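Structure first, commentary second.
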Amino acid sequence: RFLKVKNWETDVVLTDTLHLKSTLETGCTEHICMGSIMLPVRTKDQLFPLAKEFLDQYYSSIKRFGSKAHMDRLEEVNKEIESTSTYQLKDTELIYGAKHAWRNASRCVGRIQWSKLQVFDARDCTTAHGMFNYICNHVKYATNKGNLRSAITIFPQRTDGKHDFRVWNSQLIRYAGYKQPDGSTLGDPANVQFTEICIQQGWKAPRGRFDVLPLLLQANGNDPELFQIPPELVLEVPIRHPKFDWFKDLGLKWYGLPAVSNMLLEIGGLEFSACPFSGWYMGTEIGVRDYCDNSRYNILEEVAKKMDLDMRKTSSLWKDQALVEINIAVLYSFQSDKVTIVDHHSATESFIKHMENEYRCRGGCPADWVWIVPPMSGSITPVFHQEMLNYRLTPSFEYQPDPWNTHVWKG
Amino acid sequence: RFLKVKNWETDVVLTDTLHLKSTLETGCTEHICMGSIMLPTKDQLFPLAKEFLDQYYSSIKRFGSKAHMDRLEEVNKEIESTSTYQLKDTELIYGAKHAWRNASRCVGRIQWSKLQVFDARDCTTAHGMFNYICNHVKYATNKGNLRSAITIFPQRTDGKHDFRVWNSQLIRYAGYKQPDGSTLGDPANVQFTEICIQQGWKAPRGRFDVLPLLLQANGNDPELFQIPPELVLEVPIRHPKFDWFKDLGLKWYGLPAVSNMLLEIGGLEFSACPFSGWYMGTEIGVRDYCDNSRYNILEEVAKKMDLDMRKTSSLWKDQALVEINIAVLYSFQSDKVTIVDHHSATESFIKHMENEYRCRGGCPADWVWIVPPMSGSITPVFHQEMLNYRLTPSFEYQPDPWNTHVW
Ligand code: HEM
Ligand code: HEM
Ligand SMILES: CN(C)Cc1cccc(OCc2ccc3ccc(N)nc3c2)c1
Ligand SMILES: CN(C)Cc1cccc(OCc2ccc3ccc(N)nc3c2)c1
Ligand SMILES: C[C@H](O)[C@H](O)[C@H]1CNc2nc(N)[nH]c(=O)c2N1
Ligand SMILES: C[C@H](O)[C@H](O)[C@H]1CNc2nc(N)[nH]c(=O)c2N1
Ligand SMILES: [Zn+2]
């Protein structure tokens, strides 16, 4: 069965066969679409088919399908599962899996860069302190003095689900949020709950508006431990506007390395519950979501006041106006400091090319339109008018419950 | 089976049951989501009629009454006899209001119960259709104080006697492919501005030329009619800041009147059913003015603003796009022509959404279409999970007549 998507701006039609190789479920049925829902201990019984499916893909990509190396590997993995109820990936397999998980991320606009992922293998790690050391080396390598490089560090896989490695932070670098007695929040509102835990775990909070959160790391199912990232390793960027001089006086800065640390890497049925990865920012991630979301720093108001906007009627589009200037500042500041960043026009443009190429060479590209389209200026980027098919391929990145909800405290 | 949706900006959770009454299909499967795709007999007819009549009579607190059971019987007979059937006026009004209420892609549904329905089922000719359409346009416009309306022409019979309005909206601007190879006027309507000539329109080959109506009645060849200009209310577009804005020579019409959809009620098919409301500002300013495949005036507007159009990262398209939209809203409001901004509309939609969850058990909604084409995440709908499903009565797409019409 074939499927076609159409770009309504350019009339380009593409044909999808890759969706046939789709395993997981979307959430949708013939009767209902869950396309806008944010979120839609494994037995040997169900592990070997997963392992085979992965190994077959892998040996196909290297053009050794049905070879002796391929067959011997199947058998080696077979014997290891029935003997140990799990298996270990070669370095070759691990790198491949990590890159492909990224490649299969239907919600990712940055996938053009997927082949260039730096993979650090942290599967020999046994402690939190070890975890800290690995993460530090990730942060330094990825940051590269502002010249950002995509990387992922991969800690040991889940075994019986009772010995999990987890990074408790949602991103390796993020600012504290503190709820005040009056109800106002100091810092980043998204991180209030997490900041509380850290403080309770013994963090001494500087209690400013831009405090870098400490790392909270869990090894082999043990209680998590606090570590402070060396500040010389945390690249931060002061935010100024190229025309508005009072902008600097807003006192804003952001960090340069976006590094998501709370997802789950599934490769060949194996589960990697700590797999922090990093790229670089699309400007609107900071400029629209981080600053101007109502449930974040929410500086639309103050930026608007200082612009002397008519904030009386909403039909004056004072929010829209201010939002654009803030995004202008973000790109400006980052580029001035020679810290890698991409604008949403450039990023979405690059994605359409990636997507077309993926259709030609791979037979499809799963994409989630709800997430690919940027959170401002939607229709003036080319992804808006691009039809997309969504489906799930493995290897993949998955969500997981927050660790403070599932963890069994030792003491 | 009892689904929940969360708003991630407000933590509010609504539960959906209404989806369980869904009849049609989505395009999607358990293996693949098509959410972003634009377009996904006697024994057929009675169950359809019954389903409608059941929900109709339930809505007036007379489910299983004499009237209800009598009516089911009555319609059963007419179907068995005539192979089709006719709606009572009450049912027709209820059906139209509900086709709108069920339009999952429509952000403006808070107004759904206040629809004026004009029954034009007694119409026989293109000249007839023209008269009814002029009356619709005058009523709806209401000297700028816009009122929602729909005009309903006779239902399909055997697909050979179809009434169709060939225009995609009752009011739209002409577009002509030039020897220069570019495009004057509105590029969306180049093919249609052509067909108007193939049937003999005398195009004043200009820019904002109001297209003539091309009406087909009872399956006959369509005929051209020119809407009286005094019935077409227009708004000159000026910026409340940039005096040079007026120089761009821009205007738009106030009445958005969609005329190419198919209204389905209780199994019956109304292929000519032009309906109208009022614009959300971004429909004109973001899409009509700035789409690459439309008036595409971004380049020009940014130039008069003297923005650095050298690098995409200056966000000059963004800055200009906003100004353009400010003007549109400003012009309409200053001319006392009804319009709504995307902030207000989306806010009203969350309210409507909450009402529908409360008094109906839900609200089918297509996020890809509800979220405005600019400033997405600064409107409340961006953070609103929605469920999409197909309820009936409904408005459906239908092929362009020229691709179909037996000539
Ligand atoms: C290198 C530059 C990159 C850019 C510019 C980029 C951009 C983005 C953006 C804007 C989103 C949407 C996030 C949101 O608004 O919530 C996203 C999502 C995502 N990215 Fe990329 N990304 C990059 C690299 C990466 C890398 C290196 C990986 C994995 C190794 C990755 C995996 C993902 C995944 C799995 C999601 C979806 C998150 C979710 O499902 O909640 N991205 N990306
Ligand atoms: C009165 C104020 C109204 C507002 C503000 C409004 C707004 C909108 C908007 C913004 C869209 C998105 C379409 C696009 O961007 O191209 C839309 C679609 C739609 N509207 Fe409403 N509308 C209104 C009245 C009506 C009425 C009176 C009807 C029918 C009786 C209606 C039926 C529909 C339908 C069926 C769609 C989706 C059509 C499609 O699938 O393309 N709307 N509306
Ligand atoms: C706190 N979590 C539950 C929410 C969450 C967890 C993980 C990922 C996520 O999506 C945002 C995201 C993920 C990966 C990215 C990679 C590069 C980049 N520039 N931005 C990203 C942005 C959102
Ligand atoms: C040529 N066709 C693709 C145009 C077309 C056909 C069918 C539906 C359609 O949807 C746009 C639409 C529909 C109804 C509306 C009602 C009020 C309003 N302000 N805008 C609307 C906008 C647009
Ligand atoms: C490809 C995609 O389905 C298409 O561009 C859709 C996206 N969302 C839209 N949303 C609205 N309101 N109107 C549209 O025409 C579209 N077009
Ligand atoms: C309700 C919806 O699922 C949710 O708000 C989504 C919408 N689209 C998004 N798109 C991106 N890139 N990031 C997001 O967090 C979201 N949030
Ligand atoms: Zn779907």
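Residue numbering restarts at 1 for every chain, and letters A, B, ... go by the order of the sequence lines. Worth knowing before you read on, the calculation uses all heavy atoms, side chains too, and leaves out hydrogens, waters and symmetry mates.
- Atom CH2 in B:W252 sits 5.5 Å away from atom OH in B:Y295 (nearest 0.5 Å).
- For the residue pair B:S168 / B:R172, a side-chain donor-acceptor distance below 3.5 Å is found, with atom types taken as modelled.
- Within the model, atoms CD of A:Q321 and CE of A:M311 stand 11.5 Å from one another, a figure rounded to the nearest 0.5 Å.
- Below 30°, between 30° and 60°, or above 60°: for B:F395 and B:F275 the angle between ring planes is between 30° and 60°, a tilted geometry.
- Contact check for B:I297 versus B:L248: no side-chain heavy atoms found under the 4.5 Å cut-off.
- In this structure, B:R147 forms a cation-pi arrangement with B:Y139, its terminal cationic atom sitting closer than 6.0 Å to the ring centre and no more than 45° off the ring axis.
- Between the side chains of A:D320 and B:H342, at least one donor N or O sits under 3.5 Å from an acceptor N or O.
- Panel note: side chain A:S36, backbone B:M386; a donor-acceptor pair is recorded below 3.5 Å.
- Atoms CG and CH2, on A:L309 and A:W318 in that order, are 8.5 Å from each other to the nearest 0.5 Å.
- Classification of the B:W244-B:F242 ring pair by plane angle, with boundaries at 30° and 60°, yields parallel.
- Remark: B:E91 engages B:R71 in a side-chain hydrogen bond (donor to acceptor under 3.5 Å, both in side chains) (not counting sequence neighbours).
- What you find for B:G254 and B:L146 is that their closest heavy atoms are O-CD1, 3.2 Å.
- A donor and an acceptor atom, one from each side chain of B:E269 and B:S271, are nowhere located under 3.5 Å apart.
- The structure places CD of B:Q226 at 9.0 Å from CH2 of B:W201, a figure rounded to the nearest 0.5 Å.
- Contact detail for B:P154 and B:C123: the closest heavy-atom pair is CG-O, 3.5 Å.
- B:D119 contributes a side-chain N or O that, together with a main-chain N or O of B:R121, makes up a donor-acceptor pair within less than 3.5 Å.
- The two residues B:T379 and B:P372 make their nearest non-hydrogen contact at OG1-CD, 3.9 Å.
- A:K313 NZ: 12 or fewer foreign heavy atoms inside a 6.0 Å radius.
- Side chain of A:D11 to backbone of A:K6: no donor-acceptor contact under 3.5 angstrom is found.
- Open room surrounds CD on B:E299; 12 or fewer heavy atoms of other groups in view lie less than 6.0 Å from it.
- Residue B:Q116 places its CD atom among more than 12 non-hydrogen atoms of other residues, nucleotides or ligands, all under 6.0 Å distant.
- With B:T193 contributing its side chain and B:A174 its backbone, the two residues share no donor-acceptor pair below 3.5 Å.
- At least one donor-acceptor pair under 3.5 Å links the side chain of B:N189 to the backbone N or O of B:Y173.
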**Message:** Please determine whether side chain to side chain contact (heavy atoms under 4.5 Å, CB included) holds for the pair B:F118 and B:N135, giving the CA-CA distance in whole Å, both sets of side-chain angles, and the decisive distance to 0.1 Å.
**Reply:** CA-CA 9 Å; B:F118 297 114; B:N135 293 345; over 6 Å; no
**Request:** Applying side chain to side chain contact (heavy atoms under 4.5 Å, CB included), run through B:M353 and B:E356 and close with a yes or a no.
**Result:** CA-CA 5 Å; B:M353 208 170 149; B:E356 295 298 87; 5.9 Å; no
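- Side-chain N or O atoms of B:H383 include one that pairs as donor or acceptor with a backbone N or O of B:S377 at under 3.5 Å.
- A side-chain donor from one of B:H136 and B:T151 sits under 3.5 Å from a side-chain acceptor of the other.
- Between the side chain of B:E9 and the backbone N or O of A:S295 there is no donor-acceptor pair closer than 3.5 Å.
- The two residues B:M261 and B:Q398 have their closest heavy-atom pair at O-NE2, 3.2 Å.
- With a 4.5 Å cut-off on side-chain heavy atoms, A:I326 and A:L300 count as touching.
- Residue pairs satisfying the salt bridge (charged side-chain N to carboxylate O under 4.0 Å, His left out) criterion with at least one member in residues 320-342 of chain B, sequence neighbours excluded, are listed as follows: B:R238-B:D335.
- Annotation: B:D247, atom CG; neighbour count of heavy atoms from other residues, nucleotides and ligands within 6.0 Å is above 12.
- In this structure, B:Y389 contributes its side chain and B:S22 its backbone to no donor-acceptor pair below 3.5 Å.
- For the residue pair B:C28 and B:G35, the shortest heavy atom distance occurs at SG-N, 3.9 Å.
- Checked by atom type, the side-chain pair B:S394/B:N102 shows no donor-acceptor distance below 3.5 Å.
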**Request:** Step by step, work out the side chain to side chain contact (heavy atoms under 4.5 Å, CB included) result for B:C363 and B:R109.
**Result:** CA-CA 10 Å; B:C363 179; B:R109 288 178 283 165; 3.9 Å; yes
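- Taken to the nearest 0.5 Å, the CG atom of B:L250 stands 9.5 Å off from the OG atom of B:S331.
- Using a 3.5 Å distance cut-off with no hydrogens or angles, the side chains of B:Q198 and B:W402 do not pair a donor with an acceptor.
- Note that CG of A:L323 is 5.5 Å distant from CE of A:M376, once rounded to the nearest 0.5 Å.
- Evaluation of the ring-ring contact (aromatic ring centres under 6.0 Å, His included) rule for B:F163 yields no partner, not counting sequence neighbours.
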